[PDB]
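Remarks on the overall topology
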Number of protein chains: 2
Amino acid sequence: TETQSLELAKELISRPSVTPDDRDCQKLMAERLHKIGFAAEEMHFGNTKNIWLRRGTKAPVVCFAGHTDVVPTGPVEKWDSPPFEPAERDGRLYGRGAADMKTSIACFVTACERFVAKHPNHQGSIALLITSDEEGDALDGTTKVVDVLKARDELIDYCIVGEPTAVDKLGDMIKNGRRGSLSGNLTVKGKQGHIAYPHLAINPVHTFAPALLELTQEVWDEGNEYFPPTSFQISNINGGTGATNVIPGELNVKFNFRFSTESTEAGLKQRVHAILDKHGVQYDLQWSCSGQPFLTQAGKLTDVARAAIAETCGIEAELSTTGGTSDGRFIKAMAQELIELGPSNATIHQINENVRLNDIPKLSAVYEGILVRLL
Amino acid sequence: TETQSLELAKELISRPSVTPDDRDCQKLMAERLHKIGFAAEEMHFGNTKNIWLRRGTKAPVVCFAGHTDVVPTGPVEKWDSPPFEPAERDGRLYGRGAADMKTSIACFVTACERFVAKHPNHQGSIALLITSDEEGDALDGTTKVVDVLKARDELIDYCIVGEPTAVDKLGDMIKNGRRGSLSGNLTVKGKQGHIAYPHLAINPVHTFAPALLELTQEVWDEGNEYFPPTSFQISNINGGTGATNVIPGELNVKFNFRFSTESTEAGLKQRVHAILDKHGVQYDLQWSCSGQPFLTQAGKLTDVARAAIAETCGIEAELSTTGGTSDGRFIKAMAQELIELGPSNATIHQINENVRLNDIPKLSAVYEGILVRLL
């Protein structure tokens, strides 16, 4: 029941590191870890601060990955306590970054201390890959670091990204991958005209209708052991001039797939075109893909995380690929196995974000249990 | 062949009577007709000028209705000839109002003069119900005149509204009624959420899909002898915040029915509600009805129009209720029989609006022919 993770958490949370402002969080980490054998390599691009902290030179290399930036607080007066002034209240630690994801960072730093003190002659290496831009556009954050490391063949064996992954109780869920994302920008073509002369126009809302129903009722795949079924959702739909006596000449539809390994990017695009073409829809369709699904199947890393959780929290962790994504999508290209493990994500990016106080030392203890098992 | 209709047409066309500015067209008309015994009763409401011109005091009363206002010309340099400077070119008269509907007004004025000169002791009465606001909101135009006339029981037996009704050849089509118009502003309720967590949101585009298909495929009625089938058209559809990773919380749909006498306003509203309810759609739905269908079935007026057209143009006129509407929607309440008859409506409200020169004299001749058969 150490109290150090909690204190480092507060210190980090007291820095208003709204993306992409690091606020010297990385400087503080680099100095603290330097005391126990961690070397620091700064990799700054544009206005983003990135840093590779590493102790040791041989495999197996265990890497904790995370970001020091936090999303904007919104109107400060709507919070019950200043977002950048860490407050303990009702068994919780409140502040922006309390859940996403400064508590995790603090928890791994202290785990590194207790582990290194207890095991000075441990094999392999320990690294931290930290960015000040995971929440924004992230063009200059983690992705650039992975490129440098992959370019000089400095690879990772096991990577734990500290994003908040718990549903409720700490350790109830660990992420072992994420769905890919494929977006379409569809412009259905009709022919504008006066509503009273329908035969002289082509209503793109009516020509799209049968394809819209088939798309929304389609079952893309069955999902599998690690992923839920591929999900199709329409985010926007807009047609018309605002005039209620006009038939629009075109209709714009924006949609997205969060797809699993059961389908491919190509297969899904082919199926959408096949549904629009069989209903005779006339259109332009632009596609964009922000990433493919990535997965670490059950192996040593998931087994050690489950074992460490069982010991520290007394519960059986479930593996999941649901939700959004993280910098794990960049790092998986350079890490043989990668999981995400952190506290509850229920309040991320909301006012009064918080983490249970008792989950704090347990999270650091889990991380420490993972280093023991891998090193 | 007379050339007086053409000259009056041009005189009228040269006045830039953009709604609701009459530009003295009614004064020119009232002075001209006063010479042949038409008394004038001005009925100005707000910024709209209206006038009841009438010769005679007994039934049957034959009324020519029309509007002196024209729609805006748009940028003047896009026209081949100045919109307010009537020009003869390639067997056509060009100018704003040449088709809608100053030529018709000029043609009925000259028809009255020839008829009164030929038939000084004609039975019944001739009246002209003219407004300077038919093309705009029309709140203070023909509707106010009708109310005044109906209130003192000064009714019409046969009314001819001079709107352009021809498809191509003058006299090929006459309108004997118009469809009603019933509009709906539908707001489908869902629950906004992040696209990556579909189970925590309700996509209104997906919930509306099955009802949208059913509404667009529905056959409302069969049409009948005088009307085409009731027509349903969606004019606008808008949902989304513009973010492609968000599931919208609501969807707005604007639609309209141009309905015949085979359906009722109540019946159509009941059916839309029943389709939305059977698919479990959650929503708010506001209705607006700008008018019911109106119709003059085959009788003396349609027979006389057809006979006059056959004598003058050598063709068989078709009866129709298609297209938009006119001030006949207000006048039918006070006129036992009402039809619309004018030149080609191909170019109304368009740049380079025009009417065929030879169609001018023929149209005046048809109107005169109708006067002869009714009076």
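Residues numbered from 1 in each chain as written, not as in the entry; some residues may be left out. Chains lettered and ligands numbered in written order. Heavy atoms only, no water. Residues with missing side-chain atoms left out of burial classes, pairs and counts.

Per the deposition metadata, X-ray crystallography was the technique used to determine this entry, at a resolution of 1.90 Å.

1. Re the packing of aromatic side chains
Formally: Working definition: rings of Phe, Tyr and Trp (its six-membered ring) pair if their centres are within 6.5 Å, and the pair is stacked with planes under 30 degrees apart, edge-to-face with planes over 60 apart, and tilted otherwise. Under the scheme used here, helices are H or I runs from DSSP no shorter than 4 residues and strands are E runs no shorter than 2 residues, and both carry numbers assigned from the N terminus. Using a 1.4 Å probe on the protein chains alone, a residue whose accessible area is under 20% of its type maximum counts as buried, one over 50% counts as exposed, and one in between counts as partly exposed. Any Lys NZ or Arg CZ found within 6 Å of a ring centre and within 35 degrees of that ring's normal is scored as a charge over the ring.
Applying the stated criterion to the full structure yields 18 aromatic pairs over all chains. Here the aromatic rings of A:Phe108 and A:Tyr367 are separated by 5.9 Å at their centres, their planes lie at 70°, and the arrangement is edge-to-face. Separated by 259 residues along the polypeptide, A:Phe108 in helix α3 (residues 102-118) and A:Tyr367 in helix α9 (residues 359-374) bring together distant segments of the chain. Accessibility assignment for this pair places A:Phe108 and A:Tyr367 in one class, buried. Measuring from centroid to centroid gives 5.8 Å for B:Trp220 and B:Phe232, while their planes differ by 35°, and the two rings are tilted. Of the two residues, B:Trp220 is situated in the loop between α5 (204-217) and β12 (231-239) and B:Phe232 in strand β12; the sequence distance between them amounts to 12 residues. B:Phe232 shares its class with B:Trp220; the two are buried. A connected cluster of aromatic rings, assembled from ring pairs, spans A:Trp220, A:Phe232, A:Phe255, A:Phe257 and A:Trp287. Across the ring face of A:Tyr94, the terminal group of A:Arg89 is positioned such that the distance to the ring centre comes to 3.8 Å.

2. Some words on α9(A)
Defined as follows: Expected span of a helix, by definition, is 1.5 Å for each gap between consecutive residues, and there is one gap fewer than residues.
Spanning 16 residues, α9(A) covers 23 Å between terminal C-alpha atoms, matching the ideal 22 Å at 1.5 Å per step. Every buried residue of α9(A) is listed here: A:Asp359, A:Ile360, A:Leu363, A:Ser364, A:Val366, A:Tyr367, A:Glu368, A:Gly369, A:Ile370, A:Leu371 and A:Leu374.

3. Digging into the interface of chain B and chain A
Rules: Residue contacts follow a heavy-atom distance rule, with two residues in contact if any of their heavy atoms lie within 4.5 Å. Buried area, as used here, totals the accessible surface that two parts lose on assembly, with accessibility defined by a 1.4 Å probe and the loss added over both. What counts as a salt bridge is simple: a side-chain nitrogen of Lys or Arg found within 4 Å of a carboxyl oxygen of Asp or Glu. Note on residue classes: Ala, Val, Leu, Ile, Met, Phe, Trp, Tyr, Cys and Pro are nonpolar, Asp, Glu, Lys and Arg are charged, and everything else, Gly too, is polar. Think of it this way: DSSP has to see at least two bridges between two strands before they count as a pair.
Residue-level contacts link 39 residues of chain B with 39 residues of chain A. Ranking the residues of chain B by area buried against chain A places B:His206, B:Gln233 and B:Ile237 at the top, with a combined share of 18%. Here chain B is connected to chain A by 0 salt bridges. The element best represented in the side of chain B that touches chain A is β12(B), accounting for 9 residues. Residues belonging to the side of chain B that touches chain A are distributed by class as follows: 17 nonpolar, 19 polar and 3 charged. Bridging between strand β12 (residues 231-239) of chain A and β12(B) involves 3 bridges; their strand directions are antiparallel. Across the sheet, residue A:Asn238 finds its bridge partner in β12(B), namely B:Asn238.

4. A few points about empty space enclosed by the protein
Residues and elements named next belong to chain B. Stated precisely, the cut-off is as follows: Using only the protein atoms, space was sampled on a 1 Å grid; points where a 1.4 Å probe fits but cannot get out form cavities, open sets with protein on both sides within 12 Å along at least five of seven lines form pockets, and lining residues are those with an atom within 4 Å of a point. Grid points are joined across faces, edges and corners, and a volume is the space filled by probe spheres set on the points.
Of the volumes computed, that of the largest cavity is approximately 40 Å³. Lining the largest cavity are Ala65, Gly66, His67, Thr131, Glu134, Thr142, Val161, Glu163 and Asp327. Among the elements that take part in the lining of the largest cavity, strand β3 (residues 61-67) stands out by supplying 3 residues, more than any other. Its residues placed into classes, the lining of the largest cavity shows 2 nonpolar, 4 polar and 3 charged.

5. A few points about the packing of helix α1 (residues 4-13) of chain B against helix α3 (residues 102-118) of chain B
All names here are of chain B. Worth spelling out the cut-off: Here an axis means a line fitted to C-alpha atoms, over the contact stretch when the element is a helix, while the angle between two N-to-C directions is reported on a 0 to 180 degree scale. Comment on the angle field: the value is read as roughly parallel under 35 degrees, roughly antiparallel over 145, roughly perpendicular from 65 to 115, and oblique elsewhere. By convention the crossing between two helices is left-handed if the near helix lies anticlockwise of the far one by an angle smaller than a right angle, and right-handed if it lies clockwise.
Orientation of α1 relative to α3, taken along the N-to-C sense of each, is 140°, at an axis distance of 8 Å. Taken together, the axes of α1 and α3 are oblique relative to one another. Remark: the crossing between α1 and α3 carries right-handed chirality. Facing α1, whose interface residues are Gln4, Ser5, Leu8, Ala9, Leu12 and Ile13, α3 presents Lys102, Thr103, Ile105, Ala106, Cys107, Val109, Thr110 and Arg114. Counted by class, the contact of α1 with α3 contains 8 nonpolar, 4 polar and 2 charged residues.

6. A word on the UniProt feature "binding site: Zn(2+) 1" in chain A
Residues and elements named next belong to chain A. Selection criterion: UniProt positions are given in the numbering used here, feature names are shortened, and annotations may be inferred rather than shown by experiment. Polar contacts, as counted here, are pairs of nitrogen or oxygen atoms within 3.5 Å of one another; within protein the pair requires one atom able to donate a hydrogen and one able to accept it, and residues that are adjacent in sequence qualify only if both atoms are side-chain atoms.
Here the UniProt-annotated "binding site: Zn(2+) 1" positions come out as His67, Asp100 and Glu163. What stands out for the annotated residues spanning 97 residues is how close their C-alpha atoms remain, the widest pair being 8.7 Å apart. Its location among the elements puts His67 in strand β3 (residues 61-67). Given a relative accessible area of 1%, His67 falls into the buried group. In terms of polar contacts, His67 uses its side chain to reach the side chain of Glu134, at 3.1 Å. The topology assignment puts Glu163 in the loop between β7 (156-161) and β8 (173-175). Other than its neighbours up to four places away in sequence, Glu163 contacts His67, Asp100, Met101, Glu134, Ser326, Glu340, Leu341 and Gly342. Among the polar contacts listed, one links the side chain of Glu163 to the side chain of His67, at a separation of 3.4 Å.

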